[PDB]
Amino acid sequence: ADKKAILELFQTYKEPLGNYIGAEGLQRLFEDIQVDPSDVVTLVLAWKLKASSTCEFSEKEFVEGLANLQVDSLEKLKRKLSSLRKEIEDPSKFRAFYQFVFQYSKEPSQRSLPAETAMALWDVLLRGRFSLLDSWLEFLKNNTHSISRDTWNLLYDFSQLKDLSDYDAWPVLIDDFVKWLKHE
């Protein structure tokens, strides 16, 4: 990939400080390639770029990431996002990507993800992979604390479960959800 071309893309979208693309630049970049900011592929791109700050790419992340994706134009980036959507149909990639989203989406100083942020992301990530999603979101109306890393991670394992009926290891929020489903 032409690093010169990648660096010119960076120049186009970088923030005034010069060393990252932030929420302003990302919104313009996604507009230019006809991608909705809410689309899951924006998170898959962040995952492949090893992004360390929410809704940003540092200059290193962007330039080395596009290079690793063999992308050096906007049109090639747009097409690569279509390839990325297909890539996460692999279940081990989806698990890895799902776990990354927790880390990416919280503030570095915090250990947990705000309830509201977790729900919005679960709606984007798990719709169509988690039959009980709507019930989970409804249950959360009365469980509004921040979501821990273990709870985030194991909700995916819960979603992938006879192990169902044999539910027994699990974080308290998930155990409380199983009890809630029994109306007890």
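For every residue, the number given is its place in the sequence shown, counted from 1.
K.L.:
Between residue 23 and residue 24, what class does the number of missing deposited residues fall in: none, 1 to 3, 4 to 9, or 10 or more?
P.N.:
Going from residue 23 to residue 24, the model skips no residues of the deposited sequence.
K.L.:
Pick between 31-39 and 55-63: the one whose mean CA B-factor in the entry is higher.
P.N.:
31-39 has the higher mean C-alpha B-factor.
K.L.:
Mean C-alpha B-factor higher for 75-83, or for 97-105?
P.N.:
Taking the mean C-alpha B-factor of 75-83 and of 97-105, the larger value falls to 75-83.
K.L.:
Choose from 153, 146, 70, 135 the residue with the greatest Cα B-factor as stated in the PDB record.
P.N.:
When the deposited C-alpha B-factors of 153, 146, 70, 135 are compared, 70 is largest.
K.L.:
Within this chain's modelled residues, let me know which third the CA B factor of residue 46 belongs to: lowest, middle or highest.
P.N.:
CA B-factor rank for residue 46: lowest third.
K.L.:
Looking at the entry's B-factor column for C-alpha atoms only, identify whether residue 164 ranks in the lowest, middle or highest third of its chain.
P.N.:
Ranked within chain, residue 164 CA B lands in the highest tercile.
K.L.:
Where does residue 178 sit by CA temperature factor within its chain: lowest, middle or highest third?
P.N.:
Middle third of the chain for residue 178's C-alpha B-factor.
K.L.:
Among the modelled residues of this chain, does the Cα B factor of residue 124 put it in the lowest, middle or highest third?
P.N.:
Highest third, going by the recorded CA B-factors of the chain.
K.L.:
Taking the C-alpha B-factors as the PDB entry records them, is residue 117 in the lowest, middle or highest third of its chain?
P.N.:
CA B-factor rank for residue 117: middle third.
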